[PDB]
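> sequence and experimental coordinates follow.
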Amino acid sequence: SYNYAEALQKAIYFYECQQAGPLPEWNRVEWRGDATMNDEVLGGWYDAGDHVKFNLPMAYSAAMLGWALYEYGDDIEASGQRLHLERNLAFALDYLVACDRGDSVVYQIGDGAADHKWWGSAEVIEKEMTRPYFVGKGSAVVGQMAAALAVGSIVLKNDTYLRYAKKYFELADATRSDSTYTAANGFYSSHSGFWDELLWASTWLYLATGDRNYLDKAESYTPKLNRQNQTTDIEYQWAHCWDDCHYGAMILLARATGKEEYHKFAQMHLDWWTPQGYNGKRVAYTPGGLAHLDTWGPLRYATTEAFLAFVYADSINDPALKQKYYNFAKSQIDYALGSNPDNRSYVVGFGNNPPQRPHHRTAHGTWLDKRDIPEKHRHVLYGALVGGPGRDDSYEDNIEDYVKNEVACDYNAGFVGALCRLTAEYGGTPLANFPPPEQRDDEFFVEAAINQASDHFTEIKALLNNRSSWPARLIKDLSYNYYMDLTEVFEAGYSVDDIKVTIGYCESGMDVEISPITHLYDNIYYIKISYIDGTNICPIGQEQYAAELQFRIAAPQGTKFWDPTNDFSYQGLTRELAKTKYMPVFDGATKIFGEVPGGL
Amino acid sequence: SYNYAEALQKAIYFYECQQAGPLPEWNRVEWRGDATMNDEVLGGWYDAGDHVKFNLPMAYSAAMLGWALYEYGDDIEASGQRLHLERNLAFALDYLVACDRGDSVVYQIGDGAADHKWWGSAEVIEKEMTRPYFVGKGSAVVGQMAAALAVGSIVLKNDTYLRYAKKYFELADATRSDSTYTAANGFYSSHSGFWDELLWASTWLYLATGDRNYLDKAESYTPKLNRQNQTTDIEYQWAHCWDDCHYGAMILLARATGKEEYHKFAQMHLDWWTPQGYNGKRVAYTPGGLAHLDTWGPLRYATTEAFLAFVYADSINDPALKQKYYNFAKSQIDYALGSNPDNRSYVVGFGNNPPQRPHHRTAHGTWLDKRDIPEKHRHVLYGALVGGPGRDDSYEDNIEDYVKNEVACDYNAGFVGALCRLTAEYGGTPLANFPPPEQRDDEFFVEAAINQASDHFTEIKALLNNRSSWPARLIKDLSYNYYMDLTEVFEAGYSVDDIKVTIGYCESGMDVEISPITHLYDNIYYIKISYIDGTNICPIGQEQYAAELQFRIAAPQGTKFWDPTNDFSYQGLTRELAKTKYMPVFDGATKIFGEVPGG
Ligand SMILES: [Ca+2]
Ligand SMILES: [Ca+2]
Ligand SMILES: [Ca+2]
Ligand SMILES: [Ca+2]
Ligand SMILES: [Cl-]
Ligand SMILES: [Cl-]
Ligand SMILES: [Cl-]
Ligand SMILES: [Cl-]
Ligand SMILES: [Cl-]
Ligand SMILES: [Cl-]
Ligand SMILES: [Cl-]
Ligand SMILES: [Cl-]
């Protein structure tokens, strides 16, 4: 129905857009560089369109990427995506290992409220704020980190991951408390408690080791799981997600023990998600066919359930159940890819009429802490599954809609597993030249205006801009030149030492020098304006993205010879600020924008 | 009893504080310089604690000083004040002549609203605003200008003043309208109309010339005067003042003609001012004995009536009436000088517990366009009669009380006349070395702070200040130097060129250059910060009184030898802005503040 291989290819690439510094050599994202290099634990993924490392959904996401490989890794070699998926997973797992503090782990990097208040690119955030870290032993977060490492250890044949999976599970299981999990409250609060994470982690450890202690542990946790409302049934009227993986764990335990209790649960849970429902109870459905669990991230939930439904259907023999669960799963993936009332993809950079304004700071590429400027994103966030439409299938592609246009690690995670299943069956060819190079716009440049003209001086207002985005970055040794023709000075009988440079304004905190007037060739002379710490010119807000200087170059008062109209850098200047290519910008001795007199 | 000669001396000196530029060479006020030199008409007096030239009260005030001389000029020799009063009057009269525009006159310099919105010194106001002028031929303003020049022609023996007096009288009398008198609205509106000015001017022209044609014109105007309420009597229940001089004109006509009608008016009017009243009717009196006509300028009114009463009493023979009017007059002057429930002078710089916070911008001497800072006036407005107390004798000396602490030309004018009469009688000695020199503050100076320090640089925040006040003034070629000792640099093996001058903030609008680093002597070096138009540093408001620059003097990055602790201009600097004498200030090549290495 769709090129599922291309969808998969893009859906994986999304995680490379999320990578924190240092980036691996193989990162394919031209607009991402090393970022947050001062973090207490390096690497791993930014969670969403923000720059926080939230370990609970991060580890959940990694676990689900592992699960995708565990089920379908062998079945997808024609898509050419296995190695991409593997190394993207390893990048996250390496971070979870690096978080170890023995009796505790680093479980968060960045303050949610502080991070979210600012809108700008990953690579420049350290100019705006200083990022804290958080340590604890919350059973949910540590149990999820254990689970991710347990499945990772299988699919990546890695004994280190298994060692740390066991370290973390033991800690989580001994602690039996979420009390030290606080830094993520209101962002990724532990809602369901921690028994489901212990179940999920122990189940994966059983599947990793075959050690029956882990199966016995797993089975011991089931009576501690939350009930469905006031009944005695284990809760089933929700989705497998970052907060609660018991749903998927029950499916895995149905396959592993073959016990009827696990099969009964899986069928009750999945039936509730299907159009036919479960004895009169059913998830809300949009008229367009999307199972719509909640206001936030409906596509995330429905596509994750699609993965669970595929795995369960593939693990059973009943033809009617297999067809019912398969059709449900494929229907939800196809809705996300364009089988909906608007015939449109909900995956950035894929299919027909994809979203172009995901709520994602670094893909946007602002310079001044605004969402509305630039009005179009500078970068393509390929593969990102957005939050999706409302309950009535309504949707508009708007950067301001932080619900419908949300993007996140956990949104993509189960989705990857479901695309693995579909490309395994249907094939499809990935895009050969992927990703294609972006059209860039100008990054470092001067905007200038005639601030005042006089019969004996020129006064310039000049703004040296850093609107970098490919990737956003900092240049320390920034300078620009203002070129003049002094022919008329010499012809009137004056000399270079008769011309005075003065300053009428220089912006606070921008350490700057202006050179003496310097000979280029013939009668062509220039001044260079140098910012000693040019990194302070950075795309982090209204004040910082450019440095303003007003300089005056003046012949003696009363003289009548000064002629700016033959000066190279005066060309095209008006009384309103405008970008000019005739005041070239330099990084050290290397010209990075503009033109010089006489060219190359 | 008071030293009325000293009070007179100071009350005259007040007018020197009021002079607009160019100042005469004899001006005695150390804190006044040439001000408002771009005005359409130069000289004359600022009206009050503001900088508007309002011709109606200015001319009234000059007419009153002329009248003082006319009556008492020969009688005030012991006081030594005749010459002072004379030349102060001529200064204003010269302004009145210079307003002539043929078919009209300049009658105002300044926009009252814009002038009053700003708080600062006369000498710097042109940096804040452009001052418009206004031309017209209002009968009241022109007629008062005529009167002032007519009495001035007599007492200063000046034919030119007489010619202009006649020309202005004729213009006012031809026009018979205040319709062209507009720019003073709400400040000095013509309330009484103009007939009283024509009466006052024609009376003075009669006294100047002896030409009975002017007497005939004067008498022709009295039926046109306003009535008292709905009655047939000429209005009498108010004071002679800048708006209405018919009161004094009638007293002059009583003496000149001897006619009963003028004497009846004069006694009706003065009786109403006295504690005994006019047929049961009387001006309000405070319990402390001040005749209190109105909320605004009660001392101005009472002291002006004192002068009228003295002149009328001196002109009659009846000893009972003479005593009654003389006692009234002296009681009011004495109230003003300290004979009141608080035993306090209402004349700045005189007597016991005088006002110290008159509502006067130039005597205050701020640099910030604020009334509250400085908290004490930097100058002494000697001789200014304030507005004064309320109806209950209540008063507080507060700069914000623009009623009770108002000061003005017209407030002093009748007062001088009355003081002439009292010093004529009592013959006191003026102060010998008047005025004494004031304590001054530093006017042009740097305030500096260490903005940032590191192992390889010094960064200074420097504010170059103009808080001038003796007098407030402007200096274009301003600079200051910053001196350093580089011994630590050569001793570690580095040179001068290992040192870079940069800027981290340059206040908008302050065109500046910093020289290259310069050797003084030995291992002592400096930089010079120069403002190209230093006049933009001026005591006109929060932004303008100082120019801020942040400059950094830097060795190469990473090194650790830099040692600011032996730099001359670094001495005493903290991380808080403070005045420093070690960053000296220059006007051109001349040091005006601070110290240099080696002296
Ligand atoms: Ca949980
Ligand atoms: Ca030229
Ligand atoms: Ca009048
Ligand atoms: Ca030193
Ligand atoms: Cl169904
Ligand atoms: Cl835009
Ligand atoms: Cl020339
Ligand atoms: Cl070029
Ligand atoms: Cl006119
Ligand atoms: Cl009486
Ligand atoms: Cl103060
Ligand atoms: Cl010295």
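That came in fine, so what should we check first? Numbers count the residues shown, from 1 in each chain, chains lettered A, B, ... in the order given. Ligands and ions are numbered 1, 2, ... in the order given.

> just give the number of residues close to residue A:376.
For residue A:376, the neighbour count with other Cβ atoms under 10 Å in any protein chain shown is 9. Heads up, the C-betas are built off the backbone N, CA and C, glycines and all.

> that one is in what secondary structure piece?
Under DSSP states H and E, no helix or strand contains residue A:376.

> residue A:374 and residue A:357 touch, don't they?
No. Contact criterion Cβ atoms under 8 Å: residue A:374 and residue A:357 do not qualify, at 10.7 Å.

> which of those two has more neighbours?
residue A:357 (21 against 16).

> so the more buried one is in contact with residue A:406, correct?
No. The pair residue A:357 / residue A:406 is not scored as a contact, 11.7 Å apart, by Cβ under 8 Å.

> what do these two both touch?
With Cβ atoms under 8 Å, 6 or more residues apart in numbering or on different chains applied, the contact sets of residue A:357 and residue A:406 do not overlap.

> give me the residue from chain A nearest ligand 3.
residue A:452 (50.7 Å; Cβ to the ion).

> spell out which residues of the stretch 451-600 of chain A are next to ligand 7.
The stretch 451-600 of chain A comes close to ligand 7 at residues A:559-561, as judged by Cβ under 5 Å from the ion.

> could you check how far the closest residue to ligand 7 within the stretch 151-300 of chain A is from ligand 5?
Nearest residue of the stretch 151-300 of chain A to ligand 7: residue A:187, at 69.2 Å (Cβ to the ion). The gap separating residue A:187 from ligand 5 is 35 Å, by Cβ to the ion, to the nearest Å.

> with residue A:447 instead?
Going from residue A:447 to ligand 5 by Cβ to the ion gives 61 Å.

> does anything pack onto the helix or strand where that residue lies? Which helices or strands?
Taking DSSP H and E as the definition, residue A:447 sits inside strand A:444-453. Contacts defined by 3 or more Cβ pairs under 8 Å, 6 or more residues apart in numbering or on different chains; DSSP states H and E place strand A:444-453 against strand A:457-466, strand A:546-554, strand A:578-580, strand A:585-587, strand A:590-593.

> how about a markdown table for the ones you listed, with mean neighbour count and distance to residue A:509 added?
Formatted as a markdown table, the helices and strands packed on strand A:444-453 follow (neighbours: other Cβ atoms under 10 Å in any protein chain shown; distance: least, Cβ to Cβ, whole Å):
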| stretch | mean neighbour count | distance to residue A:509 |
| --- | --- | --- |
| strand A:457-466 | 22 | 14 |
| strand A:546-554 | 21 | 9 |
| strand A:578-580 | 17 | 23 |
| strand A:585-587 | 20 | 20 |
| strand A:590-593 | 14 | 23 |
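
> quick one, what contacts the nearest residue to residue A:306 once chain neighbours are set aside?
Spatial nearest neighbour of residue A:306, chain neighbours left out: residue A:329 (3.9 Å); criterion: Cβ to Cβ, 6 or more residues apart in numbering or on different chains. Residues near residue A:329 by Cβ under 8 Å, 6+ apart: A:305-307, A:309-310, A:313, A:418, A:421.

> reformat those as JSON lines; add neighbour count.
Below are those laid out as JSON lines (neighbours: other Cβ atoms under 10 Å in any protein chain shown):
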{"residue": "A:305", "neighbour count": "30"}
{"residue": "A:306", "neighbour count": "30"}
{"residue": "A:307", "neighbour count": "29"}
{"residue": "A:309", "neighbour count": "27"}
{"residue": "A:310", "neighbour count": "25"}
{"residue": "A:313", "neighbour count": "20"}
{"residue": "A:418", "neighbour count": "30"}
{"residue": "A:421", "neighbour count": "27"}
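
> let me know the closest of these to ligand 2.
The nearest member of the contacts of residue A:329 to ligand 2, counting by Cβ to the ion, is residue A:418 at 68.2 Å.

> where's the residue in chain A that ligand 1 sits nearest to, which helix or strand?
At 3.8 Å from ligand 1, residue A:192 is the closest residue in chain A, using Cβ to the ion. In this structure, residue A:192 sits in neither a helix nor a strand according to DSSP H and E.

> and if you look at residue A:201?
For residue A:201, the host element (DSSP H and E) is helix A:195-209.

> which secondary structure elements does that helix contact?
helix A:55-72, helix A:139-155, helix A:159-175, helix A:212-221, helix A:246-257.

> any idea how far residue A:210 is from residue A:466?
Residue A:210 sits 56 Å away from residue A:466, taking Cβ to Cβ, to the nearest Å as the criterion.

> does residue A:449 have beta-bridge partners, and which?
Counting by DSSP bridges, residue A:449 forms beta bridges with residue A:461.

> surely it meets residue A:460?
Yes. The pair residue A:449 / residue A:460 is scored as a contact, 7.4 Å apart, by Cβ under 8 Å.

> now do the shared contacts for those two.
Joint contacts of residue A:449 and residue A:460 (Cβ under 8 Å, 6+ apart) are residue A:573.

> all strands for chain A, in order.
Using DSSP state E, the strands found in chain A span residues A:53-54, A:105-109, A:133-136, A:444-453, A:457-466, A:478-485, A:500-506, A:512-514, A:518-521, A:524-531, A:546-554, A:578-580, A:585-587, A:590-593.

> nearest to residue A:540, out of these?
strand A:457-466 (9.2 Å; Cβ to Cβ).

> what about the closest one, near ligand 2?
No. If you take Cβ under 5 Å from the ion as the test, strand A:457-466 misses ligand 2, and the best it gets is 8.6 Å.

> just name whatever secondary elements that strand is in contact with.
Taking 3+ Cβ pairs under 8 Å, 6+ apart as the contact cut, strand A:457-466 packs with strand A:444-453, strand A:478-485, strand A:524-531, strand A:546-554.

> just these: most buried one?
strand A:478-485 (a mean of 24; mean count of other Cβ atoms under 10 Å in any protein chain shown).

> many thanks, I have nothing further to ask.
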